[PDB]
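One structure below.
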Amino acid sequence: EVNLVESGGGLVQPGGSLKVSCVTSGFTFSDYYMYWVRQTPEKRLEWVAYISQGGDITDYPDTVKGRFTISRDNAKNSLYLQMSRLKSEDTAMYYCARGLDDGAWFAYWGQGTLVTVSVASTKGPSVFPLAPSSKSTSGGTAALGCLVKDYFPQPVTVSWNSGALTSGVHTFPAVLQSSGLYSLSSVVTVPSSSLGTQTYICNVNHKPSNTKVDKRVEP
Amino acid sequence: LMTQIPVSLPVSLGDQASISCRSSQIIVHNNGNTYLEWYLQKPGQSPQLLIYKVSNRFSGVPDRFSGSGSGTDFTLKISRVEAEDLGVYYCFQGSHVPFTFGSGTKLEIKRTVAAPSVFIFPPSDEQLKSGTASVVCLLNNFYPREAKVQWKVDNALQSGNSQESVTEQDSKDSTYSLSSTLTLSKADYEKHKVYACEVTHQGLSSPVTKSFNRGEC
Ligand SMILES: COC(=O)CCCCCCCCO[C@@H]1O[C@H](CO)[C@@H](O[C@@H]2O[C@H](CO)[C@H](O)[C@H](O)[C@H]2O[C@@H]2O[C@@H](C)[C@@H](O)[C@@H](O)[C@@H]2O)[C@H](O[C@@H]2O[C@@H](C)[C@@H](O)[C@@H](O)[C@@H]2O)[C@H]1NC(C)=O
């Protein structure tokens with residue numbers, strides 16, 4: 001099936017440079033105009049650039065004109081976005097998209113790759129637990145989770161029983177604490193009866209610091 | 001450019017909804033139709049296409065969605081709002097450079113009032129040893145979004161060591177969840193046995209409180 005995969009972003013400091021890429025699958029890459037779209041933290045959506053099939057025709061909004069450069073390698077069905085002289089405002093989620101011959105811009109979107117632009121320092125998260133000792137057992141269901149404390153930059157991915165616990169999962173969005181550090185909780189509610197047999201573990205992952213932490217939560 | 005009104009849109013299931021946009025200038029390309037499109041960004045996902053070229057439904061979009069518009073005003077209409085339709089809608093114009101998006105209209109599903117299941121999670125030793133221990137209070141699956149959370153350490157109103165994390169609406173039942181964390185240093189926390197989290201909600205007549213007894217082992 002058709003899909004796009006962006007990759008290559010992380011923490012870069014102001015004035016620096018980064019090159020995000022996007023890999024095409026499921027369609028004839030060379031037949032389509034490609035796009036680079038971004039969404040800022042305030043969820044504002046902005047168009048970044050486009051490039052013809054040959055690679056000779058491109059354009060960008062003034063806001064990114066001259067610092068950014070879009071390119072594509074038809075040979076490897078990849079699309080690239082060279083970013084230079086990064087500004088903090090450039091901090092966002094970068095998506096690559098494919099349109100329709102018919103007259104549509106973004107019919108297919110990727111997953112996105114988050115580019116953070118600051119003078120801050122990469123720090124791994126401390127995966128703490130939340131113990132449902134007693135003041136939570138309201139009967140035949142209680143809540144529990146792992147508090148992913150102190151980390152930067154975003155993002156941090158959390159999973160339960162490595163994907164073997166979908167429904168019930170409540171992973172809250174990150175909050176930029178005072179320390180300049182993010183923190184978030186991922187709670188889940190489960191039948192008090194499940195405890196013991198149902199081994200519950202949260203697998204945290206903060207790629208930006210190569211932190212791969214697992215934590216078994218229990219009664 | 002573009003202007004999208006309304007910002008928020010409370011709608012009941014089955015209801016009809018209308019979101020409109022007005023481009024700064026009459027939007028039309030090589031007369032090759034007006035290239036005005038509508039996107040739906042379901043929560044926690046990338047945006048997706050619904051209608052393009054003012055009214056063409058993209059493949060896979062159900063007919064409850066329709067588009068229209070003239071000169072500078074375009075409207076998206078949902079005849080029967082279903083649960084899956086919650087998220088933020090965006091209009092987009094590709095007839096002129098720069099290609100612009102509308103600021104967005106968040107569609108929230110109006111549901112029957114529900115009470116939050118409050119919970120209190122005291123700090124586990126593993127963070128206590130590290131020093132800073134945080135007590136989290138969970139207000140699970142409620143509606144509306146109006147919820148006040150006050151911290152009562154013994155009986156002190158902590159007007160500082162707390163933060164809030166509110167989720168987006170859940171398509172399974174149209175509820176929200178909220179988490180408030182009282183972040184204390186071993187000492188402050190260690191100094192008091194009981195910690196209370198007081199919840200006040202619309203479906204909550206008598207503001208429920210949630211407290212625990214401090215301990216160690
Ligand atoms: C089903 O099979 C396929 O889809 C296989 C792919 C199609 C076969 C090869 C097609 C070769 C032609 O490719 C088209 O070139 C056009 C330019 O000549 C593109 O249109 C341009 O898109 C730019 C980026 O947004 C910008 O909007 C330009 O203004 C626009 O050109 C304008 O519109 C054209 C349709 C012409 O009328 C031209 O005179 C005019 O200047 C095509 O891009 C598609 O259409 C545009 C409107 C936009 O919706 C893009 O996202 C679409 O992809 C391009 N076709 C493709 C599939 O890329």
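By order in the structure tokens, chains are A, B, ...; within a chain, residues start at 1; ligands start at 1, following the order shown.
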Report as JSON, numbers by chain the set of chain B residues whose atoms approach chain A to within 6 Å, with distances computed over only C-alpha atoms.
{"B": [49, 52, 98, 119, 121, 167]}
At most 10 Å from ligand 1 (only C-alpha atoms and all ligand atoms): residue list as a ChimeraX atom specification:
/A:27-35,49-54,57-59,97-107 /B:29-35,52-53,94-97,99
Which polymer residues have any atom within 12 Å of an atom of residue 188 of chain B, counting only C-alpha atoms, with same-chain residues fewer than 2 positions away left out, as a list in words?
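Listing them by chain and then by number gives residues 128, 131, 132, 133, 134, 153, 154, 156, 158, 161, 182, 183, 184, 185, 186, 190, 191, 192, 193, 194, 195 and 214 of chain B.
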Contacts of residue 151 of chain B at 10 Å or less, counting only C-alpha atoms, minus same-chain residues fewer than 3 places along, as a list in words?
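Near neighbours after the sequence-gap exclusion: residues 137, 154, 155, 156, 157, 158, 159, 160, 161, 162, 180, 181, 182, 195, 196, 197, 198, 199, 209, 210 and 211 of chain B.
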So, counting only C-alpha atoms, which residue among A:89, A:25, A:120, A:36 is closest to residue 76 of chain A?
A:25
Please return, as a count of residues only, all residues of segment 93-214 of chain B that DSSP assigns to strand (DSSP E) on the basis of the backbone.
61
Could you pull the residues within 12 Å of residue 211 of chain A, counting only C-alpha atoms, minus those fewer than 4 positions along the same chain, as a count of residues only?
18
